[PDB]
$ cat final33.cif   # mmCIF, N, CA and C atoms
data_coords
loop_
_atom_site.group_PDB
_atom_site.id
_atom_site.type_symbol
_atom_site.label_atom_id
_atom_site.label_comp_id
_atom_site.auth_asym_id
_atom_site.auth_seq_id
_atom_site.Cartn_x
_atom_site.Cartn_y
_atom_site.Cartn_z
ATOM 1 N N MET D 1 88.745 -63.426 -4.236
ATOM 2 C CA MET D 1 88.086 -64.334 -5.164
ATOM 3 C C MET D 1 86.605 -64.450 -4.853
ATOM 4 N N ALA D 2 86.290 -65.206 -3.806
ATOM 5 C CA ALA D 2 84.916 -65.425 -3.370
ATOM 6 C C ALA D 2 84.588 -64.814 -2.020
ATOM 7 N N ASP D 3 85.462 -64.970 -1.021
ATOM 8 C CA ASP D 3 85.191 -64.399 0.294
ATOM 9 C C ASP D 3 85.019 -62.890 0.244
ATOM 10 N N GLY D 4 85.593 -62.225 -0.758
ATOM 11 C CA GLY D 4 85.300 -60.818 -0.943
ATOM 12 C C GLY D 4 83.824 -60.596 -1.195
ATOM 13 N N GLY D 5 83.233 -61.425 -2.057
ATOM 14 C CA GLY D 5 81.801 -61.351 -2.277
ATOM 15 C C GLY D 5 81.010 -61.645 -1.019
ATOM 16 N N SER D 6 81.475 -62.606 -0.222
ATOM 17 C CA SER D 6 80.777 -62.937 1.016
ATOM 18 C C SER D 6 80.742 -61.740 1.954
ATOM 19 N N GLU D 7 81.899 -61.122 2.187
ATOM 20 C CA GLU D 7 81.949 -59.992 3.104
ATOM 21 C C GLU D 7 81.186 -58.800 2.546
ATOM 22 N N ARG D 8 81.248 -58.594 1.231
ATOM 23 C CA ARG D 8 80.519 -57.485 0.632
ATOM 24 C C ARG D 8 79.019 -57.677 0.780
ATOM 25 N N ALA D 9 78.529 -58.893 0.533
ATOM 26 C CA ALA D 9 77.105 -59.167 0.682
ATOM 27 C C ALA D 9 76.666 -58.995 2.128
ATOM 28 N N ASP D 10 77.449 -59.530 3.066
ATOM 29 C CA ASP D 10 77.080 -59.404 4.470
ATOM 30 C C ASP D 10 77.084 -57.953 4.918
ATOM 31 N N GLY D 11 77.976 -57.133 4.353
ATOM 32 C CA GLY D 11 78.004 -55.728 4.704
ATOM 33 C C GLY D 11 76.977 -54.885 3.984
ATOM 34 N N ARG D 12 76.484 -55.354 2.841
ATOM 35 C CA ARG D 12 75.531 -54.586 2.059
ATOM 36 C C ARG D 12 74.095 -55.004 2.312
ATOM 37 N N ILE D 13 73.884 -56.163 2.934
ATOM 38 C CA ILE D 13 72.531 -56.587 3.270
ATOM 39 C C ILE D 13 71.895 -55.598 4.234
ATOM 40 N N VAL D 14 72.694 -55.042 5.145
ATOM 41 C CA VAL D 14 72.153 -54.135 6.152
ATOM 42 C C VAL D 14 71.583 -52.895 5.484
ATOM 43 N N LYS D 15 72.356 -52.295 4.579
ATOM 44 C CA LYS D 15 71.868 -51.105 3.900
ATOM 45 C C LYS D 15 70.797 -51.459 2.885
ATOM 46 N N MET D 16 70.820 -52.683 2.362
ATOM 47 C CA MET D 16 69.744 -53.122 1.486
ATOM 48 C C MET D 16 68.417 -53.152 2.228
ATOM 49 N N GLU D 17 68.421 -53.668 3.455
ATOM 50 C CA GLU D 17 67.210 -53.627 4.264
ATOM 51 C C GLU D 17 66.853 -52.204 4.666
ATOM 52 N N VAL D 18 67.851 -51.359 4.913
ATOM 53 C CA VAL D 18 67.580 -49.997 5.355
ATOM 54 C C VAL D 18 67.415 -49.060 4.167
ATOM 55 N N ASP D 19 68.468 -48.920 3.366
ATOM 56 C CA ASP D 19 68.541 -47.858 2.369
ATOM 57 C C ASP D 19 67.579 -48.145 1.220
ATOM 58 N N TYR D 20 67.693 -47.346 0.166
ATOM 59 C CA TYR D 20 66.808 -47.460 -0.976
ATOM 60 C C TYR D 20 67.206 -48.641 -1.853
ATOM 61 N N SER D 21 66.282 -49.024 -2.730
ATOM 62 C CA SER D 21 66.566 -50.057 -3.711
ATOM 63 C C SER D 21 67.557 -49.589 -4.766
ATOM 64 N N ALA D 22 67.685 -48.276 -4.975
ATOM 65 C CA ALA D 22 68.648 -47.768 -5.945
ATOM 66 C C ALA D 22 70.078 -48.185 -5.626
ATOM 67 N N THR D 23 70.344 -48.641 -4.399
ATOM 68 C CA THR D 23 71.643 -49.219 -4.076
ATOM 69 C C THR D 23 72.012 -50.361 -5.011
ATOM 70 N N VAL D 24 71.011 -51.012 -5.616
ATOM 71 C CA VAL D 24 71.242 -52.027 -6.644
ATOM 72 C C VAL D 24 72.277 -51.550 -7.646
ATOM 73 N N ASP D 25 72.189 -50.278 -8.046
ATOM 74 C CA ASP D 25 73.146 -49.731 -8.999
ATOM 75 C C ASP D 25 74.568 -49.988 -8.526
ATOM 76 N N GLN D 26 74.860 -49.621 -7.284
ATOM 77 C CA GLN D 26 76.214 -49.735 -6.770
ATOM 78 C C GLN D 26 76.586 -51.167 -6.427
ATOM 79 N N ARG D 27 75.705 -52.123 -6.704
ATOM 80 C CA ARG D 27 76.051 -53.529 -6.646
ATOM 81 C C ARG D 27 76.003 -54.189 -8.010
ATOM 82 N N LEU D 28 75.452 -53.507 -9.021
ATOM 83 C CA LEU D 28 75.486 -54.058 -10.375
ATOM 84 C C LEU D 28 76.909 -54.123 -10.907
ATOM 85 N N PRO D 29 77.662 -53.021 -10.961
ATOM 86 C CA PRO D 29 78.897 -53.010 -11.755
ATOM 87 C C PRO D 29 79.998 -53.870 -11.155
ATOM 88 N N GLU D 30 80.284 -53.676 -9.865
ATOM 89 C CA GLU D 30 81.385 -54.407 -9.249
ATOM 90 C C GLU D 30 81.125 -55.901 -9.266
ATOM 91 N N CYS D 31 79.859 -56.296 -9.201
ATOM 92 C CA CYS D 31 79.525 -57.704 -9.340
ATOM 93 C C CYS D 31 79.775 -58.185 -10.762
ATOM 94 N N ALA D 32 79.422 -57.363 -11.750
ATOM 95 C CA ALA D 32 79.529 -57.779 -13.144
ATOM 96 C C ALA D 32 80.955 -58.172 -13.499
ATOM 97 N N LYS D 33 81.930 -57.349 -13.112
ATOM 98 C CA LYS D 33 83.319 -57.704 -13.372
ATOM 99 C C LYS D 33 83.677 -59.008 -12.680
ATOM 100 N N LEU D 34 83.141 -59.220 -11.478
ATOM 101 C CA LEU D 34 83.298 -60.511 -10.825
ATOM 102 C C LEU D 34 82.729 -61.616 -11.699
ATOM 103 N N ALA D 35 81.527 -61.401 -12.233
ATOM 104 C CA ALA D 35 80.958 -62.368 -13.163
ATOM 105 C C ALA D 35 81.783 -62.468 -14.436
ATOM 106 N N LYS D 36 82.455 -61.386 -14.824
ATOM 107 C CA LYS D 36 83.327 -61.465 -15.984
ATOM 108 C C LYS D 36 84.604 -62.226 -15.678
ATOM 109 N N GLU D 37 84.948 -62.372 -14.399
ATOM 110 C CA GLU D 37 86.192 -63.026 -14.019
ATOM 111 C C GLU D 37 86.190 -64.488 -14.438
ATOM 112 N N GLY D 38 85.345 -65.291 -13.800
ATOM 113 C CA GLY D 38 85.322 -66.717 -14.065
ATOM 114 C C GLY D 38 86.650 -67.400 -13.837
ATOM 115 N N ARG D 39 87.474 -66.864 -12.934
ATOM 116 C CA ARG D 39 88.809 -67.418 -12.721
ATOM 117 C C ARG D 39 88.751 -68.767 -12.015
ATOM 118 N N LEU D 40 87.896 -68.897 -11.005
ATOM 119 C CA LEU D 40 87.832 -70.094 -10.184
ATOM 120 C C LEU D 40 86.503 -70.808 -10.378
ATOM 121 N N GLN D 41 86.463 -72.064 -9.924
ATOM 122 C CA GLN D 41 85.302 -72.917 -10.169
ATOM 123 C C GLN D 41 84.075 -72.437 -9.399
ATOM 124 N N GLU D 42 84.245 -72.092 -8.125
ATOM 125 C CA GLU D 42 83.132 -71.672 -7.284
ATOM 126 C C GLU D 42 83.055 -70.164 -7.112
ATOM 127 N N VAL D 43 84.062 -69.424 -7.579
ATOM 128 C CA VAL D 43 84.074 -67.976 -7.399
ATOM 129 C C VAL D 43 82.934 -67.331 -8.175
ATOM 130 N N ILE D 44 82.763 -67.711 -9.443
ATOM 131 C CA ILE D 44 81.641 -67.153 -10.186
ATOM 132 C C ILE D 44 80.351 -67.841 -9.786
ATOM 133 N N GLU D 45 80.446 -69.042 -9.210
ATOM 134 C CA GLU D 45 79.263 -69.672 -8.646
ATOM 135 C C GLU D 45 78.757 -68.863 -7.468
ATOM 136 N N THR D 46 79.668 -68.432 -6.597
ATOM 137 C CA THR D 46 79.247 -67.639 -5.456
ATOM 138 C C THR D 46 78.870 -66.239 -5.889
ATOM 139 N N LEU D 47 79.517 -65.721 -6.930
ATOM 140 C CA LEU D 47 79.193 -64.379 -7.391
ATOM 141 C C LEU D 47 77.761 -64.331 -7.897
ATOM 142 N N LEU D 48 77.409 -65.264 -8.786
ATOM 143 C CA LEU D 48 76.044 -65.316 -9.284
ATOM 144 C C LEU D 48 75.076 -65.655 -8.164
ATOM 145 N N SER D 49 75.478 -66.537 -7.247
ATOM 146 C CA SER D 49 74.589 -66.924 -6.163
ATOM 147 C C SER D 49 74.236 -65.725 -5.300
ATOM 148 N N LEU D 50 75.246 -64.967 -4.889
ATOM 149 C CA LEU D 50 74.998 -63.824 -4.029
ATOM 150 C C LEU D 50 74.241 -62.737 -4.775
ATOM 151 N N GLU D 51 74.618 -62.460 -6.026
ATOM 152 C CA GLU D 51 73.916 -61.422 -6.772
ATOM 153 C C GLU D 51 72.455 -61.795 -6.963
ATOM 154 N N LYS D 52 72.189 -63.072 -7.240
ATOM 155 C CA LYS D 52 70.823 -63.549 -7.395
ATOM 156 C C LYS D 52 70.050 -63.405 -6.098
ATOM 157 N N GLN D 53 70.623 -63.895 -5.000
ATOM 158 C CA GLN D 53 69.932 -63.847 -3.720
ATOM 159 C C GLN D 53 69.626 -62.414 -3.314
ATOM 160 N N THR D 54 70.612 -61.523 -3.436
ATOM 161 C CA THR D 54 70.384 -60.120 -3.111
ATOM 162 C C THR D 54 69.321 -59.492 -4.005
ATOM 163 N N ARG D 55 69.365 -59.771 -5.311
ATOM 164 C CA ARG D 55 68.358 -59.210 -6.199
ATOM 165 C C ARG D 55 66.979 -59.740 -5.841
ATOM 166 N N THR D 56 66.902 -61.017 -5.477
ATOM 167 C CA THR D 56 65.640 -61.602 -5.049
ATOM 168 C C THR D 56 65.133 -60.946 -3.774
ATOM 169 N N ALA D 57 66.030 -60.686 -2.828
ATOM 170 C CA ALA D 57 65.623 -60.033 -1.592
ATOM 171 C C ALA D 57 65.073 -58.643 -1.869
ATOM 172 N N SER D 58 65.770 -57.878 -2.711
ATOM 173 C CA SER D 58 65.273 -56.555 -3.067
ATOM 174 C C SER D 58 63.935 -56.660 -3.778
ATOM 175 N N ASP D 59 63.802 -57.647 -4.658
ATOM 176 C CA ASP D 59 62.553 -57.843 -5.376
ATOM 177 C C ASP D 59 61.420 -58.136 -4.410
ATOM 178 N N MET D 60 61.661 -59.012 -3.438
ATOM 179 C CA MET D 60 60.590 -59.397 -2.532
ATOM 180 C C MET D 60 60.231 -58.257 -1.594
ATOM 181 N N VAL D 61 61.208 -57.430 -1.227
ATOM 182 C CA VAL D 61 60.896 -56.258 -0.421
ATOM 183 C C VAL D 61 60.051 -55.282 -1.226
ATOM 184 N N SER D 62 60.412 -55.068 -2.490
ATOM 185 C CA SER D 62 59.696 -54.100 -3.311
ATOM 186 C C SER D 62 58.294 -54.597 -3.643
ATOM 187 N N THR D 63 58.176 -55.867 -4.039
ATOM 188 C CA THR D 63 56.889 -56.454 -4.388
ATOM 189 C C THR D 63 56.009 -56.673 -3.171
ATOM 190 N N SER D 64 56.589 -56.690 -1.968
ATOM 191 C CA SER D 64 55.756 -56.659 -0.774
ATOM 192 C C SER D 64 54.936 -55.380 -0.755
ATOM 193 N N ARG D 65 55.545 -54.276 -1.175
ATOM 194 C CA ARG D 65 54.844 -53.023 -1.404
ATOM 195 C C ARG D 65 54.429 -52.961 -2.875
ATOM 196 N N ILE D 66 54.063 -51.772 -3.358
ATOM 197 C CA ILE D 66 53.559 -51.637 -4.719
ATOM 198 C C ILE D 66 54.626 -51.902 -5.776
ATOM 199 N N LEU D 67 55.913 -51.769 -5.442
ATOM 200 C CA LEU D 67 56.960 -51.954 -6.443
ATOM 201 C C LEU D 67 57.134 -53.425 -6.786
ATOM 202 N N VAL D 68 56.109 -54.020 -7.383
ATOM 203 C CA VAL D 68 56.131 -55.434 -7.721
ATOM 204 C C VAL D 68 56.452 -55.546 -9.199
ATOM 205 N N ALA D 69 55.569 -55.011 -10.033
ATOM 206 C CA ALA D 69 55.680 -55.198 -11.471
ATOM 207 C C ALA D 69 56.600 -54.167 -12.106
ATOM 208 N N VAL D 70 56.531 -52.914 -11.650
ATOM 209 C CA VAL D 70 57.303 -51.849 -12.273
ATOM 210 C C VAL D 70 58.803 -52.016 -12.103
ATOM 211 N N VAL D 71 59.252 -52.919 -11.234
ATOM 212 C CA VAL D 71 60.681 -53.125 -11.038
ATOM 213 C C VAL D 71 61.130 -54.553 -11.302
ATOM 214 N N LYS D 72 60.232 -55.540 -11.300
ATOM 215 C CA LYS D 72 60.653 -56.907 -11.596
ATOM 216 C C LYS D 72 61.027 -57.065 -13.063
ATOM 217 N N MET D 73 60.294 -56.403 -13.959
ATOM 218 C CA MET D 73 60.663 -56.428 -15.368
ATOM 219 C C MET D 73 62.056 -55.857 -15.579
ATOM 220 N N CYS D 74 62.349 -54.730 -14.935
ATOM 221 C CA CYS D 74 63.679 -54.147 -15.038
ATOM 222 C C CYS D 74 64.726 -55.098 -14.484
ATOM 223 N N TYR D 75 64.473 -55.650 -13.294
ATOM 224 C CA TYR D 75 65.401 -56.597 -12.688
ATOM 225 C C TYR D 75 65.736 -57.737 -13.642
ATOM 226 N N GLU D 76 64.713 -58.375 -14.211
ATOM 227 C CA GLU D 76 64.954 -59.565 -15.022
ATOM 228 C C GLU D 76 65.639 -59.217 -16.338
ATOM 229 N N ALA D 77 65.179 -58.159 -17.014
ATOM 230 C CA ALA D 77 65.825 -57.768 -18.261
ATOM 231 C C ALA D 77 67.277 -57.397 -18.015
ATOM 232 N N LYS D 78 67.546 -56.707 -16.912
ATOM 233 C CA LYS D 78 68.914 -56.341 -16.603
ATOM 234 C C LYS D 78 69.739 -57.564 -16.252
ATOM 235 N N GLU D 79 69.131 -58.571 -15.629
ATOM 236 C CA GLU D 79 69.885 -59.777 -15.321
ATOM 237 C C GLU D 79 70.262 -60.524 -16.590
ATOM 238 N N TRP D 80 69.371 -60.541 -17.581
ATOM 239 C CA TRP D 80 69.731 -61.184 -18.843
ATOM 240 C C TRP D 80 70.762 -60.365 -19.612
ATOM 241 N N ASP D 81 70.676 -59.039 -19.522
ATOM 242 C CA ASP D 81 71.696 -58.192 -20.127
ATOM 243 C C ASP D 81 73.048 -58.375 -19.449
ATOM 244 N N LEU D 82 73.074 -58.412 -18.116
ATOM 245 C CA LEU D 82 74.302 -58.715 -17.390
ATOM 246 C C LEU D 82 74.855 -60.073 -17.792
ATOM 247 N N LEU D 83 73.972 -61.053 -18.003
ATOM 248 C CA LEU D 83 74.416 -62.346 -18.509
ATOM 249 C C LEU D 83 75.118 -62.164 -19.845
ATOM 250 N N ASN D 84 74.555 -61.320 -20.707
ATOM 251 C CA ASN D 84 75.175 -61.074 -22.004
ATOM 252 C C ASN D 84 76.528 -60.391 -21.825
ATOM 253 N N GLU D 85 76.577 -59.382 -20.952
ATOM 254 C CA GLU D 85 77.788 -58.604 -20.720
ATOM 255 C C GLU D 85 78.826 -59.398 -19.947
ATOM 256 N N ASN D 86 78.389 -60.287 -19.066
ATOM 257 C CA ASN D 86 79.312 -61.216 -18.436
ATOM 258 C C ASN D 86 79.546 -62.328 -19.451
ATOM 259 N N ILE D 87 80.103 -63.457 -19.014
ATOM 260 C CA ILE D 87 80.299 -64.547 -19.956
ATOM 261 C C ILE D 87 78.945 -64.920 -20.531
ATOM 262 N N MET D 88 78.927 -65.237 -21.821
ATOM 263 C CA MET D 88 77.677 -65.604 -22.453
ATOM 264 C C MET D 88 77.109 -66.858 -21.796
ATOM 265 N N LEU D 89 75.883 -67.196 -22.181
ATOM 266 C CA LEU D 89 75.179 -68.363 -21.660
ATOM 267 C C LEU D 89 75.239 -68.404 -20.129
ATOM 268 N N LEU D 90 74.690 -67.359 -19.511
ATOM 269 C CA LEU D 90 74.602 -67.252 -18.055
ATOM 270 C C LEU D 90 75.937 -67.572 -17.390
ATOM 271 N N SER D 91 76.961 -66.819 -17.769
ATOM 272 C CA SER D 91 78.324 -67.092 -17.306
ATOM 273 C C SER D 91 78.649 -68.532 -17.699
ATOM 274 N N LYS D 92 79.068 -69.389 -16.776
ATOM 275 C CA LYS D 92 79.343 -70.780 -17.116
ATOM 276 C C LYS D 92 78.082 -71.615 -17.310
#
$ encode --input "final33.cif" --output "structure tokens"
Amino acid sequence: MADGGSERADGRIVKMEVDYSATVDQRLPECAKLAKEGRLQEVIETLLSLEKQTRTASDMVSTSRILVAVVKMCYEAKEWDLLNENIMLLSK
């Protein structure tokens, strides 16, 4: 439900700090279905929380370097699209 997201985030933060930002791709889809779940009260709360925090971390790492503007627009538009593809109106 939720602890799966916790362990996944804790295990993917390491490669997020190390590996490329393109890893975002392999965290977009599996998270989205989680956001599509909405089964429990805090499960989608933690899903959106972790996805947001991780996306923010990647954003701040990229914008620390030159990848500030060329990727923040993509991040935000994709987050609103994911909102559309997940439950409408920003999930719950």
$ closest_residue --input "final33.cif" --among "D:82, D:69, D:76, D:46" --to "residue 6 of chain D" --atoms "all atoms listed in the file"
D:46
$ atom_distance --input "final33.cif" --atom1 "atom C of residue 86 of chain D" --atom2 "atom CA of residue 36 of chain D"
5.2 Å
$ atom_distance --input "final33.cif" --atom1 "atom CA of residue 42 of chain D" --atom2 "atom CA of residue 24 of chain D"
23.0 Å
$ atom_distance --input "final33.cif" --atom1 "atom C of residue 2 of chain D" --atom2 "atom CA of residue 43 of chain D"
6.3 Å
$ residues_around --input "final33.cif" --residues "residue 31 of chain D" --least-positions-apart "5" --cutoff "8 Å" --atoms "all atoms listed in the file" --output "ChimeraX atom specification"
/D:26,36-37,47-48,51
$ closest_residue --input "final33.cif" --among "D:19, D:33, D:40, D:27" --to "residue 61 of chain D" --atoms "only C-alpha atoms"
D:19
$ select_by_dssp --input "final33.cif" --residues "chain D" --states "alpha helix (DSSP H)" --output "ChimeraX atom specification"
/D:3-18,28-37,43-64,69-85
$ closest_residue --input "final33.cif" --among "D:28, D:16, D:77, D:70" --to "residue 58 of chain D" --atoms "all atoms listed in the file"
D:16
$ closest_residue --input "final33.cif" --among "D:50, D:60, D:87, D:32" --to "residue 12 of chain D" --atoms "only C-alpha atoms"
D:50
$ closest_residue --input "final33.cif" --among "D:34, D:66, D:73, D:89" --to "residue 1 of chain D" --atoms "all atoms listed in the file"
D:34
$ decode --input "final33.cif" --residues "segment 47-71 of chain D" --atoms "N, CA and C atoms" --output "PDB file, in the first residue's frame"
ATOM      1  N   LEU D  47       1.972   8.478  -1.644  1.00  0.00           N
ATOM      2  CA  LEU D  47       2.425   8.310  -3.016  1.00  0.00           C
ATOM      3  C   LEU D  47       2.732   9.663  -3.635  1.00  0.00           C
ATOM      4  N   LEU D  48       1.783  10.597  -3.533  1.00  0.00           N
ATOM      5  CA  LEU D  48       2.017  11.934  -4.058  1.00  0.00           C
ATOM      6  C   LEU D  48       3.134  12.622  -3.294  1.00  0.00           C
ATOM      7  N   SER D  49       3.205  12.408  -1.979  1.00  0.00           N
ATOM      8  CA  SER D  49       4.236  13.059  -1.184  1.00  0.00           C
ATOM      9  C   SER D  49       5.620  12.629  -1.640  1.00  0.00           C
ATOM     10  N   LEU D  50       5.825  11.325  -1.776  1.00  0.00           N
ATOM     11  CA  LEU D  50       7.131  10.829  -2.171  1.00  0.00           C
ATOM     12  C   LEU D  50       7.450  11.219  -3.605  1.00  0.00           C
ATOM     13  N   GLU D  51       6.479  11.103  -4.515  1.00  0.00           N
ATOM     14  CA  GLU D  51       6.749  11.466  -5.900  1.00  0.00           C
ATOM     15  C   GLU D  51       7.100  12.941  -6.009  1.00  0.00           C
ATOM     16  N   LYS D  52       6.401  13.786  -5.251  1.00  0.00           N
ATOM     17  CA  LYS D  52       6.686  15.213  -5.240  1.00  0.00           C
ATOM     18  C   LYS D  52       8.078  15.482  -4.700  1.00  0.00           C
ATOM     19  N   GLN D  53       8.394  14.906  -3.541  1.00  0.00           N
ATOM     20  CA  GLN D  53       9.688  15.148  -2.923  1.00  0.00           C
ATOM     21  C   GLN D  53      10.824  14.698  -3.829  1.00  0.00           C
ATOM     22  N   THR D  54      10.708  13.499  -4.400  1.00  0.00           N
ATOM     23  CA  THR D  54      11.732  13.014  -5.318  1.00  0.00           C
ATOM     24  C   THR D  54      11.861  13.904  -6.550  1.00  0.00           C
ATOM     25  N   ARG D  55      10.734  14.327  -7.130  1.00  0.00           N
ATOM     26  CA  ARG D  55      10.808  15.195  -8.296  1.00  0.00           C
ATOM     27  C   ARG D  55      11.455  16.520  -7.931  1.00  0.00           C
ATOM     28  N   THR D  56      11.146  17.034  -6.743  1.00  0.00           N
ATOM     29  CA  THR D  56      11.764  18.264  -6.272  1.00  0.00           C
ATOM     30  C   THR D  56      13.264  18.090  -6.087  1.00  0.00           C
ATOM     31  N   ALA D  57      13.679  16.954  -5.535  1.00  0.00           N
ATOM     32  CA  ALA D  57      15.103  16.706  -5.353  1.00  0.00           C
ATOM     33  C   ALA D  57      15.820  16.665  -6.692  1.00  0.00           C
ATOM     34  N   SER D  58      15.242  15.958  -7.664  1.00  0.00           N
ATOM     35  CA  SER D  58      15.845  15.920  -8.990  1.00  0.00           C
ATOM     36  C   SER D  58      15.882  17.310  -9.600  1.00  0.00           C
ATOM     37  N   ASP D  59      14.812  18.076  -9.409  1.00  0.00           N
ATOM     38  CA  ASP D  59      14.760  19.430  -9.936  1.00  0.00           C
ATOM     39  C   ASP D  59      15.860  20.283  -9.333  1.00  0.00           C
ATOM     40  N   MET D  60      16.050  20.190  -8.020  1.00  0.00           N
ATOM     41  CA  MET D  60      17.032  21.044  -7.371  1.00  0.00           C
ATOM     42  C   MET D  60      18.447  20.627  -7.736  1.00  0.00           C
ATOM     43  N   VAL D  61      18.668  19.333  -7.959  1.00  0.00           N
ATOM     44  CA  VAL D  61      19.978  18.893  -8.421  1.00  0.00           C
ATOM     45  C   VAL D  61      20.240  19.423  -9.823  1.00  0.00           C
ATOM     46  N   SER D  62      19.236  19.351 -10.695  1.00  0.00           N
ATOM     47  CA  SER D  62      19.422  19.776 -12.077  1.00  0.00           C
ATOM     48  C   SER D  62      19.582  21.289 -12.165  1.00  0.00           C
ATOM     49  N   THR D  63      18.729  22.034 -11.458  1.00  0.00           N
ATOM     50  CA  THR D  63      18.779  23.490 -11.466  1.00  0.00           C
ATOM     51  C   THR D  63      19.986  24.026 -10.717  1.00  0.00           C
ATOM     52  N   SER D  64      20.606  23.216  -9.856  1.00  0.00           N
ATOM     53  CA  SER D  64      21.893  23.611  -9.304  1.00  0.00           C
ATOM     54  C   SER D  64      22.903  23.774 -10.427  1.00  0.00           C
ATOM     55  N   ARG D  65      22.842  22.888 -11.416  1.00  0.00           N
ATOM     56  CA  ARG D  65      23.600  23.024 -12.649  1.00  0.00           C
ATOM     57  C   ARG D  65      22.727  23.743 -13.678  1.00  0.00           C
ATOM     58  N   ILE D  66      23.110  23.682 -14.956  1.00  0.00           N
ATOM     59  CA  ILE D  66      22.396  24.418 -15.990  1.00  0.00           C
ATOM     60  C   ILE D  66      20.988  23.883 -16.235  1.00  0.00           C
ATOM     61  N   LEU D  67      20.707  22.624 -15.887  1.00  0.00           N
ATOM     62  CA  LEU D  67      19.390  22.057 -16.162  1.00  0.00           C
ATOM     63  C   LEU D  67      18.344  22.621 -15.213  1.00  0.00           C
ATOM     64  N   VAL D  68      18.086  23.918 -15.318  1.00  0.00           N
ATOM     65  CA  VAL D  68      17.141  24.588 -14.438  1.00  0.00           C
ATOM     66  C   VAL D  68      15.839  24.744 -15.199  1.00  0.00           C
ATOM     67  N   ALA D  69      15.883  25.501 -16.289  1.00  0.00           N
ATOM     68  CA  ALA D  69      14.672  25.861 -17.007  1.00  0.00           C
ATOM     69  C   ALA D  69      14.273  24.794 -18.014  1.00  0.00           C
ATOM     70  N   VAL D  70      15.248  24.202 -18.706  1.00  0.00           N
ATOM     71  CA  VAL D  70      14.942  23.244 -19.759  1.00  0.00           C
ATOM     72  C   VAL D  70      14.296  21.970 -19.242  1.00  0.00           C
ATOM     73  N   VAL D  71      14.300  21.737 -17.932  1.00  0.00           N
ATOM     74  CA  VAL D  71      13.687  20.534 -17.384  1.00  0.00           C
ATOM     75  C   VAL D  71      12.594  20.820 -16.366  1.00  0.00           C
TER      76      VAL D  71
END
